[PDB]
Amino acid sequence: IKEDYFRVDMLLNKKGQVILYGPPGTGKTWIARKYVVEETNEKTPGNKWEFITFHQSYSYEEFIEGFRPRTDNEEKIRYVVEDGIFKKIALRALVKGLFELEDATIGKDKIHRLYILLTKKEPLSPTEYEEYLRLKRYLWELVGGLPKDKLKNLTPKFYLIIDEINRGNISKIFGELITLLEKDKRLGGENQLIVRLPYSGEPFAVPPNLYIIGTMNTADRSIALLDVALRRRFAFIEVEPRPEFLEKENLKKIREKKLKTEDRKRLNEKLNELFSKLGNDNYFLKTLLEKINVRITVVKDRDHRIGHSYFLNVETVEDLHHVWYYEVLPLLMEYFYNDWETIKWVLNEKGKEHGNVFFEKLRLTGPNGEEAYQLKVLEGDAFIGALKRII
Amino acid sequence: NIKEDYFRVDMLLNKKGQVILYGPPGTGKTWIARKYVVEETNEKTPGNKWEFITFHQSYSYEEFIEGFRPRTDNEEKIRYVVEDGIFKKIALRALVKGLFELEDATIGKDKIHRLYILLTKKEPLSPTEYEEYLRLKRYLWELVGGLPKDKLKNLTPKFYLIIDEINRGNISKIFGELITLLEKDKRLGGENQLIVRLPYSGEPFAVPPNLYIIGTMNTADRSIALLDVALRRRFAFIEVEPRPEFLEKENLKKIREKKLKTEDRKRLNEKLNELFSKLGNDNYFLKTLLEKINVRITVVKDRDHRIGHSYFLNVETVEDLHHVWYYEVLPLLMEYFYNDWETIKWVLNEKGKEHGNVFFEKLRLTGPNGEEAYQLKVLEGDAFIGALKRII
Amino acid sequence: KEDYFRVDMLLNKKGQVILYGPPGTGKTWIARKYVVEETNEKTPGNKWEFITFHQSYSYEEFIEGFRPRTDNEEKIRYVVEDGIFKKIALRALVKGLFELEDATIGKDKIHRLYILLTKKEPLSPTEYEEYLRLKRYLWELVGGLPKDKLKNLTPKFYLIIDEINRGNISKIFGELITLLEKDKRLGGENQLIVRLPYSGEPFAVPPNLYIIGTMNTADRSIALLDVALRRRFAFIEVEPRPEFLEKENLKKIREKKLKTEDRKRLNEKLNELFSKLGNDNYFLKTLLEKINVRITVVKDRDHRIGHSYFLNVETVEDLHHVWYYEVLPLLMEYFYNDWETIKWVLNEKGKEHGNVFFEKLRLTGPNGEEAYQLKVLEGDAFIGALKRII
Amino acid sequence: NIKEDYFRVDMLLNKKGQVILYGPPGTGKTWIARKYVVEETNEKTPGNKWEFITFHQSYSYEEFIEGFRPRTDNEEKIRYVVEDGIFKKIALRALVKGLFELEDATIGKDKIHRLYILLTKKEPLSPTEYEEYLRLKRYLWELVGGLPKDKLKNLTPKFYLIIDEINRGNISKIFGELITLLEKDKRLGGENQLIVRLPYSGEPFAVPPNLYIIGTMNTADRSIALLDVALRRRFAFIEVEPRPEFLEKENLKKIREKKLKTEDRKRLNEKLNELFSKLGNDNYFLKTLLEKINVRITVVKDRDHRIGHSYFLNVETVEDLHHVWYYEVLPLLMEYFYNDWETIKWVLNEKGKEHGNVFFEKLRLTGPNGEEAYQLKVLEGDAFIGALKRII
Ligand SMILES: Nc1nc2c(ncn2[C@@H]2O[C@H](COP(=O)(O)OP(=O)(O)OP(O)(O)=S)[C@@H](O)[C@H]2O)c(=O)[nH]1
Ligand SMILES: Nc1nc2c(ncn2[C@@H]2O[C@H](COP(=O)(O)OP(=O)(O)OP(O)(O)=S)[C@@H](O)[C@H]2O)c(=O)[nH]1
Ligand SMILES: Nc1nc2c(ncn2[C@@H]2O[C@H](COP(=O)(O)OP(=O)(O)OP(O)(O)=S)[C@@H](O)[C@H]2O)c(=O)[nH]1
Ligand SMILES: Nc1nc2c(ncn2[C@@H]2O[C@H](COP(=O)(O)OP(=O)(O)OP(O)(O)=S)[C@@H](O)[C@H]2O)c(=O)[nH]1
Ligand SMILES: [Mg+2]
Ligand SMILES: [Mg+2]
Ligand SMILES: [Mg+2]
Ligand SMILES: [Mg+2]
């Protein structure tokens, strides 16, 4: 329950930036969204946290800093360097941390003027952008004249929760950030680094508030974080597809969490009607996902396992039929495209050819002695007898 | 029409949010995506309620949701502005049309109507009103941050985005932000409302629950197939198998007179009666012909390279069956088995035959190292049906 | 002086050093502590500057490039902006010439150039144009200086470039790949002043600049393969030393950067750690050394686990979080889906059940394949699965 | 041994026109290029008789021959002029100096000397007299286009352009339509005299026959002989091989005392004799060390992957030989053979030994599949020379 919540909370103070890696279909973004919401009490992104997600077009110029045309005057288009998503957070997490200090950072009129120009949603007019660029030069003249004891403990914890960190070209997006994402290379650490940015030339350093909880999938091995110098920075939490949630009681505890006892009585009798058709056993979908994830571990890899986001939203046996033939059996066929004696073994129907089998055998044969099976759409109670044979 | 391929799309798209109709070419995938949306939204053309786009390899992430696109102003010709793509112009359209019947936007119902005009405006946005468009966009994502999740579960329109040949583009790159939004409990109003932050404009963005995405990928090709396992969870794949049951005598009269409801039903029926009477009065001929080829293709080729039922659907006469055979599916069969003659003779069930009423005659000249290849024969008349009766 | 005896003696010999080594080793730390202890600057700025390279770091923003600059109301006057390197190379040369007086007439003119190089604000067009004239006066002055007075300049400047193998190292050092050598510095045996492309100005590296690269050499296909780059830079292999993971060495490291009162609590936490490890003060040393030998013999010598993973441990639970969330996903990333090796790296080649990180799944594949699963251990049973490595 | 390479460069200069000093790194092929130009042209500084240019991938056509630059004109009148690069400025300067001492070009010789001062002007040109530079250039090419090919076969001031790292830069981008001019048959004075116009400014251009392009080129990155098809036919290639004759005690004393020939050169002799007394009794130790490691490189990898003689050229004591060996060449030898311990041991020819004063001690562990990998060992003192003695 709170174990994955506490495990994120421990590693985000030790290493600084956690990564929830796992097979797709488990609670990676969910346990990352529930962590930042329950720690910052802010249900929508804004000042205290910002959700982004990476892709191949999420380059360096729009993440940290780059040139961006902006004039706000319908004339005299001013080619100025604008800060990306990260530098608008790390400068915000710094100047929010420079409020609670007593007398070390003597900027109490000039720091709050910089914070109100960093959280301003309306884009910056040039008569106030020259104030923002001048106060930011004051900030890195201020930071550097502060002791490390009055800079390590900055109070408000900021989070840049990112998603699909492996999907973007992570060594290119992280530019100057490739040497700043340790816990002791930030501000306030034992070895602080006021590193210099290329484009604007103004120096930069991450504050100790900003934590980067970044979820990724590791079934695509084409794009996995194999740089061995961006696995030292991050702390990698294993989020395995846990079939413990697909019980009768654990599915009743999860799916009846936010219903206010109105449709909960409808949900209770619907799950009572689902498991009465599976054989009066409370432990069906637990060992169904277990006997598939074990049988897909020994064949493909540990990482291509079926998650528990597929079967978690079933209500009746019809909804299990529409999540079997339309979400996971097309997924199981594209692991093993025209590899038929293997996909027959994942459903352990290897001796079973005809009858209540998902892949019935074609009565034809080949000229060179080959054969291929055909998918059989089953319905009714014969579908469950074709499914209970997996267990 | 409403029996299987309509009622299993509408049930699954309302449950998962996104549907991919994967299947071999020649099957009603683009058609069942087009028929379902037009019969739902009651708008036979794109525009307001739904948008039909298609993917390709020249398709950009910058032209899908958000990118820097240089526009042409009057006095400054090279002006680089950030322009929303087609998905951000249908996700914002599905949001501000659904937000006409809400009760927490009571300060800016005129501002939501003004934002809906700027999104329905097919004219290019002048820079005097583009800042009015950007001020209303950042007002919108301030308004849904103060909207409860109980009121964003039911938005009364139903907007659709039929993307066609989804698998052709770089779907991991086109769906940049959409690889974590496209889920039923990760849109607005769901159990996990996620408002991600876009790169270029810096404005937050979240797919509304009003939207639905009906992809129709093709799975005959394999280098463009959708193997992204983190993306196959977002969608809900519906295999539309090529059904030969749409090629019987009663089924061809029921499929071709439903659309053409003119006075030529007496003309089509006497022509379809004459076509099957030349086929030996076999009402299940073309059903058996497509079935005994798709099974014989499944066993030697992949199961997703099968002949669809869109080739033999538009047949009218034996002369029209001769045109759809020698020019559409027989060059297709010579493309599947390209100089593999022992297979393509077997698929047409002419394996022992090498002379006479046959599609591929054997050449009477062998090669130097023992190789031997065959030759097409343009058949006609009742000898052509005698070469088709050997398949079934 | 245990590792500056190599670094400070190779800078006076060659001019620049690349501290290459597998990650988790003090390559950035040695390169930062050496520069800070010599220039007496705890922060960058005047006497040194920290940058790093990446794939989107190009030639125009490093040394010299074109850049539009509209100040308040003027048209877009395309100024040429000097990159990071020329704002260190000119700054080392002008601070070099400011201390001596042989023929450098105009010490107020050289001081006027030094103020216009440490400007935090961007230069106004009434001040940039006089900055362009004084830079032309600088190279006309240096071109009439003897080599005996330019071979030594006391303010040793430093440009530390972390991750030097990331950026396109031939595209970055464009006019700099035949200037960084000690023989071709501004005052060496062959004083070579090359002409820069964009601004047209002459430019040569002054003999103050020491380019302290720290290349990560974990992954291949981005390392310095070109041998012209392997000659200007005198490399230093910084091996991951597990000698910093004994009891008396780890206690001496973490007390060096700590206070007086918390040092007793830090010493008590390290006594509690090695009392739970079986009174073995040589445990984390032989843990890292007998897992770096197994990585050396199978994969290669440059994918070894560093000594920055285990350096920040304070209890058995802190070793547990390092072992399961920092080096076991690292070990499963080296040998992905290759289970017969990763059992042997932990020398659990025969152990398949019990106190082992990888239990065996009970059934094999259809054609003789068998996979494992990462078992989470806790407590003294975890130590019993860790002390069998050594 | 330096005059033997000056006679080889001067032979292949007047025959071909331009030269590539290609060789493995650690050779003096930039220093041979730099000292031959200084010795022949009698100009120690890179200006007004020769020019140094380094190529890279960011080097373009606009800064090499000519492009457009803004100037310091009037305040509201910023102008884009055609500022010439380095190759156009050096070929004009070779043509202006060639016609300055010509007898038949005496029509405007008082103006050609005015054009020479503008080309040796070591600053950006003033806008009040840039049109004087433009009109004198337009006067010049009008005069050379009205002169025969008899008086242009040779010009006595021989200019040079030392191009360093010529394989780094993309030679097709910076030589747009002007790579054909470099041949002696197509220069300004051959029978195929080709005065090509330039794509900017409308100015004609043709390189004079005295401008020589002495290129230096690494050939150990990837290039062997087939990487440079756009310049492999125009340029004469000279293998500047690593000579280990410069590591003898008689040669090392003469090289370092060539520049520092003051009283401290005596202090070098008592320092160099201290080195060659710790290497045994011989003076041929560093020569045989480089020869018996360069033979063991050219027998495994390639000829031009060879260790040059510039690493060992700056040693004075055993400590500096310790710094050259463990930090510059053995971290260079480990990257020649990345994780192949059966042959990097054999380059140091200690293949029988596994430990005991070897640079690569063997780990006591074996492998599962049979892999055995060694480990670098730092040696110091008389043990290191005992490990260097077994190489020779
Ligand atoms: N209550 C509860 N819900 C869970 C849990 N795990 C997954 N879910 C539900 O499953 C759904 C999908 O999980 P999600 O986090 O989105 O997968 P994902 O890892 O992000 O998928 P991916 O493509 O990025 S790899 C979420 O809506 C979440 O509510 C869990 O442990 N507890
Ligand atoms: N009435 C009716 N027509 C059908 C049916 N299935 C296919 N068709 C016909 O097939 C024709 C084309 O099929 P279509 O859906 O467009 O193939 P497709 O999905 O585009 O094939 P692909 O190249 O993208 S892979 C249409 O003219 C349509 O009328 C059906 O079930 N009923
Ligand atoms: N006291 C002390 N600390 C060290 C030593 N070596 C490493 N460390 C610590 O380990 C941490 C990480 O070392 P660091 O230098 O940053 O690795 P790195 O070279 O940057 O790693 P990478 O960038 O190649 S991935 C540093 O913060 C430093 O405090 C050492 O020798 N002595
Ligand atoms: N006196 C003398 N010095 C030499 C000789 N060969 C090399 N050197 C010295 O060795 C140094 C290296 O030579 P250099 O020409 O700079 O290499 P390079 O061609 O630039 O190497 P690269 O750029 O291809 S990687 C020079 O500084 C020069 O002083 C020689 O034959 N005689
Ligand atoms: Mg996610
Ligand atoms: Mg289609
Ligand atoms: Mg580093
Ligand atoms: Mg050179």
# chains A, B, ... in the order shown; residues from 1 in each chain; ligands from 1
>>> interface_residues(of="chain A", to="chain B", cutoff="8 Å", atoms="only C-alpha atoms", output="ChimeraX atom specification")
/A:24-25,30,33,44-45,50-58,62-63,69,74,77,84-85,121-122,163,217,219-220,304,310,322,326-327,330-331,334-335,338,362,364-367,370-374
>>> select_by_dssp(residues="stretch 153-389 of chain C", states="strand (DSSP E or B)", output="count of residues only")
25
>>> interface_residues(of="chain C", to="chain A", cutoff="8 Å", atoms="only C-alpha atoms", output="mmCIF file with N, CA and C atoms, in the first residue's frame")
data_model
loop_
_atom_site.group_PDB
_atom_site.id
_atom_site.type_symbol
_atom_site.label_atom_id
_atom_site.label_comp_id
_atom_site.auth_asym_id
_atom_site.auth_seq_id
_atom_site.Cartn_x
_atom_site.Cartn_y
_atom_site.Cartn_z
ATOM 1 N N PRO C 23 32.455 4.831 -14.792
ATOM 2 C CA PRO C 23 31.684 5.756 -13.958
ATOM 3 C C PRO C 23 31.496 5.244 -12.542
ATOM 4 N N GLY C 24 31.292 6.187 -11.632
ATOM 5 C CA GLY C 24 31.350 5.911 -10.218
ATOM 6 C C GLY C 24 32.707 6.159 -9.615
ATOM 7 N N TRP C 29 35.296 14.744 -9.512
ATOM 8 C CA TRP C 29 35.668 15.211 -8.180
ATOM 9 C C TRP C 29 37.141 15.579 -8.099
ATOM 10 N N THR C 43 33.662 28.841 -6.274
ATOM 11 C CA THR C 43 32.666 28.935 -7.325
ATOM 12 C C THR C 43 33.346 29.309 -8.637
ATOM 13 N N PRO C 44 32.748 28.951 -9.784
ATOM 14 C CA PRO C 44 33.274 29.434 -11.070
ATOM 15 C C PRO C 44 33.125 30.935 -11.262
ATOM 16 N N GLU C 49 36.109 28.118 -15.103
ATOM 17 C CA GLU C 49 34.728 27.964 -15.544
ATOM 18 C C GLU C 49 34.428 26.508 -15.862
ATOM 19 N N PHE C 50 33.277 26.041 -15.388
ATOM 20 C CA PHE C 50 32.809 24.680 -15.608
ATOM 21 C C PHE C 50 31.799 24.671 -16.746
ATOM 22 N N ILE C 51 32.028 23.808 -17.737
ATOM 23 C CA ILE C 51 31.049 23.488 -18.770
ATOM 24 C C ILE C 51 31.059 21.982 -18.989
ATOM 25 N N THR C 52 30.121 21.514 -19.808
ATOM 26 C CA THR C 52 30.130 20.128 -20.248
ATOM 27 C C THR C 52 29.590 20.052 -21.669
ATOM 28 N N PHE C 53 29.855 18.927 -22.320
ATOM 29 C CA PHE C 53 29.496 18.739 -23.717
ATOM 30 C C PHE C 53 28.265 17.851 -23.844
ATOM 31 N N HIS C 54 27.555 18.025 -24.954
ATOM 32 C CA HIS C 54 26.419 17.185 -25.303
ATOM 33 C C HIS C 54 26.289 17.189 -26.821
ATOM 34 N N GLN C 55 25.332 16.407 -27.328
ATOM 35 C CA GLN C 55 25.181 16.253 -28.771
ATOM 36 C C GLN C 55 24.670 17.526 -29.437
ATOM 37 N N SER C 56 23.914 18.350 -28.713
ATOM 38 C CA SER C 56 23.401 19.607 -29.238
ATOM 39 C C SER C 56 24.318 20.786 -28.941
ATOM 40 N N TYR C 57 25.559 20.524 -28.550
ATOM 41 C CA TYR C 57 26.558 21.555 -28.301
ATOM 42 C C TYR C 57 27.410 21.651 -29.560
ATOM 43 N N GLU C 61 28.631 28.044 -30.428
ATOM 44 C CA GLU C 61 28.424 28.445 -29.045
ATOM 45 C C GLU C 61 29.594 28.093 -28.140
ATOM 46 N N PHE C 62 30.646 27.480 -28.675
ATOM 47 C CA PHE C 62 31.815 27.114 -27.884
ATOM 48 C C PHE C 62 32.936 28.136 -27.981
ATOM 49 N N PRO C 68 22.033 36.868 -33.404
ATOM 50 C CA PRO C 68 21.262 38.114 -33.497
ATOM 51 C C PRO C 68 21.133 38.783 -32.137
ATOM 52 N N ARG C 69 21.094 40.116 -32.147
ATOM 53 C CA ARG C 69 21.062 40.875 -30.896
ATOM 54 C C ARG C 69 20.298 42.175 -31.130
ATOM 55 N N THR C 70 19.015 42.179 -30.773
ATOM 56 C CA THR C 70 18.194 43.385 -30.774
ATOM 57 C C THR C 70 18.031 43.856 -29.334
ATOM 58 N N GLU C 73 15.140 48.793 -29.257
ATOM 59 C CA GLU C 73 14.362 49.284 -30.385
ATOM 60 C C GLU C 73 15.102 49.203 -31.711
ATOM 61 N N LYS C 75 17.259 47.588 -35.036
ATOM 62 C CA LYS C 75 17.079 46.448 -35.920
ATOM 63 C C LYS C 75 17.969 45.291 -35.472
ATOM 64 N N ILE C 76 17.749 44.127 -36.077
ATOM 65 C CA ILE C 76 18.493 42.928 -35.705
ATOM 66 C C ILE C 76 19.883 43.055 -36.322
ATOM 67 N N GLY C 83 32.237 32.423 -27.982
ATOM 68 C CA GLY C 83 31.683 31.332 -27.212
ATOM 69 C C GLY C 83 32.241 31.256 -25.805
ATOM 70 N N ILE C 84 32.209 30.044 -25.254
ATOM 71 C CA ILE C 84 32.748 29.836 -23.916
ATOM 72 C C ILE C 84 34.269 29.888 -23.943
ATOM 73 N N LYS C 120 28.773 40.641 -17.019
ATOM 74 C CA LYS C 120 27.630 39.749 -16.865
ATOM 75 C C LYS C 120 26.531 40.108 -17.858
ATOM 76 N N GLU C 121 26.284 41.401 -18.044
ATOM 77 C CA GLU C 121 25.320 41.857 -19.030
ATOM 78 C C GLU C 121 25.891 41.703 -20.440
ATOM 79 N N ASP C 162 33.548 18.706 -18.331
ATOM 80 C CA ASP C 162 33.114 17.362 -17.989
ATOM 81 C C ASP C 162 32.459 16.718 -19.202
ATOM 82 N N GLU C 163 32.504 15.380 -19.241
ATOM 83 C CA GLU C 163 31.856 14.556 -20.271
ATOM 84 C C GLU C 163 32.325 14.929 -21.679
ATOM 85 N N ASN C 216 33.792 10.059 -19.815
ATOM 86 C CA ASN C 216 33.239 8.773 -19.420
ATOM 87 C C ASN C 216 33.519 7.758 -20.518
ATOM 88 N N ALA C 218 32.478 4.412 -20.291
ATOM 89 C CA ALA C 218 31.635 3.243 -20.061
ATOM 90 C C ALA C 218 31.146 2.653 -21.376
ATOM 91 N N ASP C 219 30.419 3.441 -22.156
ATOM 92 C CA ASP C 219 29.874 2.990 -23.424
ATOM 93 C C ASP C 219 30.820 3.314 -24.573
ATOM 94 N N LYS C 257 34.652 16.025 5.203
ATOM 95 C CA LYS C 257 33.677 17.021 4.780
ATOM 96 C C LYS C 257 32.535 17.174 5.780
ATOM 97 N N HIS C 303 33.706 -1.158 -17.851
ATOM 98 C CA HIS C 303 32.325 -1.169 -17.382
ATOM 99 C C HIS C 303 32.244 -1.506 -15.898
ATOM 100 N N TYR C 309 29.115 4.409 -5.698
ATOM 101 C CA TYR C 309 27.855 3.778 -5.326
ATOM 102 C C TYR C 309 27.832 3.447 -3.840
ATOM 103 N N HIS C 321 19.716 -0.481 -0.069
ATOM 104 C CA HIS C 321 19.119 0.361 -1.099
ATOM 105 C C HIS C 321 20.097 0.624 -2.237
ATOM 106 N N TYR C 325 18.753 -1.058 -5.910
ATOM 107 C CA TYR C 325 18.196 0.007 -6.734
ATOM 108 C C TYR C 325 19.263 0.839 -7.434
ATOM 109 N N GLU C 326 20.539 0.469 -7.318
ATOM 110 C CA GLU C 326 21.592 1.206 -8.014
ATOM 111 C C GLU C 326 22.618 0.343 -8.734
ATOM 112 N N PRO C 329 19.943 -3.134 -10.898
ATOM 113 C CA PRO C 329 19.490 -2.710 -12.233
ATOM 114 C C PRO C 329 20.630 -2.324 -13.156
ATOM 115 N N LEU C 330 21.797 -1.977 -12.609
ATOM 116 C CA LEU C 330 22.965 -1.764 -13.456
ATOM 117 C C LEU C 330 23.527 -3.085 -13.962
ATOM 118 N N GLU C 333 21.442 -4.458 -16.650
ATOM 119 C CA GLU C 333 21.492 -3.686 -17.883
ATOM 120 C C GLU C 333 22.714 -4.031 -18.723
ATOM 121 N N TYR C 334 23.829 -4.393 -18.080
ATOM 122 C CA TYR C 334 25.001 -4.929 -18.764
ATOM 123 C C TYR C 334 24.647 -6.220 -19.489
ATOM 124 N N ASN C 337 19.080 -10.176 -20.222
ATOM 125 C CA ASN C 337 18.528 -11.492 -20.568
ATOM 126 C C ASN C 337 19.616 -12.531 -20.826
ATOM 127 N N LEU C 361 12.991 -20.074 -11.981
ATOM 128 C CA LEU C 361 11.613 -20.458 -12.241
ATOM 129 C C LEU C 361 11.543 -21.965 -12.453
ATOM 130 N N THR C 364 10.972 -24.876 -17.461
ATOM 131 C CA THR C 364 11.807 -24.390 -18.542
ATOM 132 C C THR C 364 10.949 -24.082 -19.764
ATOM 133 N N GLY C 365 11.589 -23.575 -20.813
ATOM 134 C CA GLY C 365 10.892 -23.254 -22.032
ATOM 135 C C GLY C 365 10.557 -24.485 -22.842
ATOM 136 N N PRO C 366 9.907 -24.261 -23.988
ATOM 137 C CA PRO C 366 9.547 -25.392 -24.853
ATOM 138 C C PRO C 366 10.731 -26.010 -25.573
ATOM 139 N N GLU C 369 15.025 -23.462 -22.770
ATOM 140 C CA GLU C 369 15.419 -22.159 -22.255
ATOM 141 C C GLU C 369 14.841 -21.982 -20.861
ATOM 142 N N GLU C 370 15.528 -21.185 -20.046
ATOM 143 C CA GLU C 370 15.191 -21.085 -18.628
ATOM 144 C C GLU C 370 15.591 -19.710 -18.126
ATOM 145 N N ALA C 371 14.660 -19.010 -17.483
ATOM 146 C CA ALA C 371 14.902 -17.664 -16.991
ATOM 147 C C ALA C 371 14.659 -17.593 -15.490
ATOM 148 N N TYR C 372 15.181 -16.530 -14.889
ATOM 149 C CA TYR C 372 15.222 -16.335 -13.448
ATOM 150 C C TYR C 372 14.396 -15.103 -13.082
ATOM 151 N N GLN C 373 14.399 -14.760 -11.794
ATOM 152 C CA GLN C 373 13.685 -13.580 -11.327
ATOM 153 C C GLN C 373 14.408 -13.004 -10.119
#
>>> interface_residues(of="chain D", to="chain C", cutoff="6 Å", atoms="only C-alpha atoms", output="PyMOL selection string")
chain D and resi 52+54+56-57+63+221+327-328+339+372-373
>>> residues_around(residues="residue A:5", least_positions_apart="4", cutoff="9 Å", atoms="only C-alpha atoms", output="compact mmCIF listing (two decimals) with N, CA, C and O atoms, in the first residue's frame")
# COMPACT_ATOMS: atom_id res chain seq x y z
N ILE A 1 0.84 -1.19 0.00
CA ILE A 1 0.00 0.00 0.00
C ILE A 1 0.87 1.25 0.00
O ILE A 1 0.97 1.95 -1.00
N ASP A 9 9.97 7.73 -1.56
CA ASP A 9 10.31 8.82 -0.65
C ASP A 9 11.69 8.64 -0.03
O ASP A 9 12.33 9.63 0.35
N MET A 10 12.17 7.41 0.07
CA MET A 10 13.50 7.18 0.62
C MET A 10 14.58 7.47 -0.41
O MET A 10 15.57 8.14 -0.10
N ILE A 31 1.86 5.46 -9.54
CA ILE A 31 2.52 5.60 -8.24
C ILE A 31 3.42 6.84 -8.24
O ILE A 31 3.81 7.33 -7.18
N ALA A 32 3.74 7.36 -9.43
CA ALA A 32 4.47 8.62 -9.51
C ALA A 32 3.54 9.81 -9.39
O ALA A 32 3.90 10.83 -8.81
N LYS A 34 0.55 9.65 -7.81
CA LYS A 34 0.01 9.61 -6.45
C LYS A 34 1.05 10.03 -5.42
O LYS A 34 0.69 10.48 -4.33
N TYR A 35 2.34 9.90 -5.73
CA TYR A 35 3.37 10.34 -4.79
C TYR A 35 3.47 11.86 -4.75
O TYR A 35 3.54 12.45 -3.66
>>> residues_near_ligand(ligand="ligand 5", cutoff="7 Å", atoms="only C-alpha atoms and all ligand atoms", output="list in words")
residues 28, 29, 163, 164, 215 and 216 of chain A; 180 of chain B
>>> residues_near_ligand(ligand="ligand 4", cutoff="6 Å", atoms="only C-alpha atoms and all ligand atoms", output="list in words")
residues 178, 183 and 228 of chain C; 25, 26, 27, 28, 29, 30, 31, 217, 218, 255 and 310 of chain D
>>> residues_around(residues="residue B:390", least_positions_apart="5", cutoff="10 Å", atoms="only C-alpha atoms", output="NGL selection string")
:B and (289 or 348-350 or 357-358 or 385)
>>> write_last_selection(atoms="C-alpha atoms", output="compact mmCIF listing (two decimals), in the first residue's frame")
# COMPACT_ATOMS: atom_id res chain seq x y z
CA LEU B 289 -12.98 -19.27 -53.70
CA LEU B 348 -4.31 -22.23 -56.86
CA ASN B 349 -4.42 -26.06 -56.35
CA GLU B 350 -2.80 -26.75 -59.74
CA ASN B 357 -6.67 -25.30 -68.57
CA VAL B 358 -4.22 -23.82 -66.07
CA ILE B 385 -14.22 -21.08 -64.90
>>> decode(residues="stretch 227-235 of chain C", atoms="N, CA and C atoms", output="compact mmCIF listing (two decimals), in the first residue's frame")
# COMPACT_ATOMS: atom_id res chain seq x y z
N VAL C 227 42.71 9.34 -33.30
CA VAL C 227 44.00 9.34 -32.61
C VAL C 227 44.62 10.74 -32.59
N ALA C 228 44.15 11.64 -33.45
CA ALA C 228 44.56 13.04 -33.36
C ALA C 228 44.01 13.70 -32.10
N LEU C 229 42.87 13.23 -31.60
CA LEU C 229 42.38 13.69 -30.31
C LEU C 229 43.10 13.00 -29.16
N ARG C 230 43.62 11.80 -29.39
CA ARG C 230 44.31 11.05 -28.35
C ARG C 230 45.76 11.45 -28.20
N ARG C 231 46.18 12.51 -28.83
CA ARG C 231 47.56 12.95 -28.74
C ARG C 231 47.71 14.32 -28.09
N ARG C 232 46.79 15.25 -28.35
CA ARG C 232 46.82 16.54 -27.67
C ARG C 232 46.51 16.39 -26.18
N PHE C 233 45.66 15.43 -25.83
CA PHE C 233 45.20 15.23 -24.47
C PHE C 233 45.96 14.06 -23.85
N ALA C 234 46.73 14.34 -22.81
CA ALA C 234 47.38 13.28 -22.05
C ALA C 234 46.36 12.66 -21.10
N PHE C 235 45.95 11.42 -21.38
CA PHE C 235 44.91 10.77 -20.60
C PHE C 235 45.43 10.35 -19.24
